[PDB]
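This document opens with one chain alone, in structure tokens, the form solved without the named molecule.
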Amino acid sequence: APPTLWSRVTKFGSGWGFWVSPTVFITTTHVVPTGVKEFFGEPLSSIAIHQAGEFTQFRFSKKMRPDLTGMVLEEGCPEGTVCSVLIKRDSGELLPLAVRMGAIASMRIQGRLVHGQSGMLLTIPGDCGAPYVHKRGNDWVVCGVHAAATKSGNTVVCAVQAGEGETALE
């Protein structure tokens, strides 16, 4: 992952989020701060906030990152796709983790149904919101945000956009 791609990964709430474009930010629902009247200084009424399970998207009225090109956001990826989870730590450390993605499904996690994609590491709770990306040609695609990990044994889950289709369970 190049520096500019890492620059999209952004501290947010109790986790992280990701600038898909100058105005679009995605993150994991459970890290979104509660009881606030603005995000990044913008009043809530100036933001189109779309939340479905553990997937949250903000579309700001203001260009927040005019330095960035738009990039492609997809609903997960095909079985077996190798992605990178672009984890930043509070210290500043970068920890890109390779993951081989599995099935898209609605999965019960900590009492809630979560629409997401599981994968096997080839994480810590503070990492939630980190993007799952993969390279397509010379460009990068984002396809989920980090939502859960097993206590051991190398399974992770990213939340993905809402959407039903023939390749997903359901």
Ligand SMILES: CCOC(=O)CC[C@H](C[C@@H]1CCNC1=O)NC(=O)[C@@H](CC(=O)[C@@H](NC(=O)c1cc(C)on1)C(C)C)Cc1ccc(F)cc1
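Between two forms, the rigid core is defined as the largest C-alpha subset superposing within 1.5 Å. Numbering starts at 1 and follows the sequence shown.
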query	finding
Higher C-alpha RMS shift from the shown form in 8 other deposited structures of this protein - 55-63 or 123-131, rigid core fit	123-131
144-152 against 20-28 - segment lying farther from this form in 8 other deposited structures of this protein (CA RMS, rigid core fit)	144-152
Residues of the deposited sequence that sit between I104 and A103 yet are not modelled	none
Given 160-168 and 2-10, the range whose Cα B-factors average higher in the PDB entry	160-168
109-117 versus 141-149 - which carries the larger mean C-alpha B factor in the record	109-117
Out of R65, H134, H30, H50, residue topping the C-alpha B-factor column of the entry	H50
Relative C-alpha B-factor of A130, binned into the chain's lowest, middle or highest third	lowest
B-factor third for the C-alpha atom of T69 within its chain	middle
CA B-factor placement of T23, once the chain's modelled residues are sorted into thirds	middle
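One more form of this protein should be noted, the form deposited with the named molecule bound, which is absent from this view; the next part is about it.
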property	result
Candidate from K63, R136, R59, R112 lying within 4.5 Å of the named molecule in the deposited bound form - any heavy atom	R112
Stretch in contact in the deposited bound form with the named molecule, which is absent here, among 112-120, 66-74, 35-43, 136-144 (heavy atoms within 4.5 Å)	112-120
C128: touches the named molecule in the deposited bound form, heavy atom cutoff 4.5 angstroms	yes
is_contact(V9, the named molecule) in the deposited bound form, heavy atom dist at most 4.5 Å	no
Touches the named molecule in the deposited bound form: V160 (any heavy atom, 4.5 Å)	no
Close approach of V20 to the named molecule in the deposited bound form, 4.5 Å, heavy atom	no
Contact set, 50-64 vs the named molecule in the deposited bound form - heavy atom within 4.5 angstroms	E54
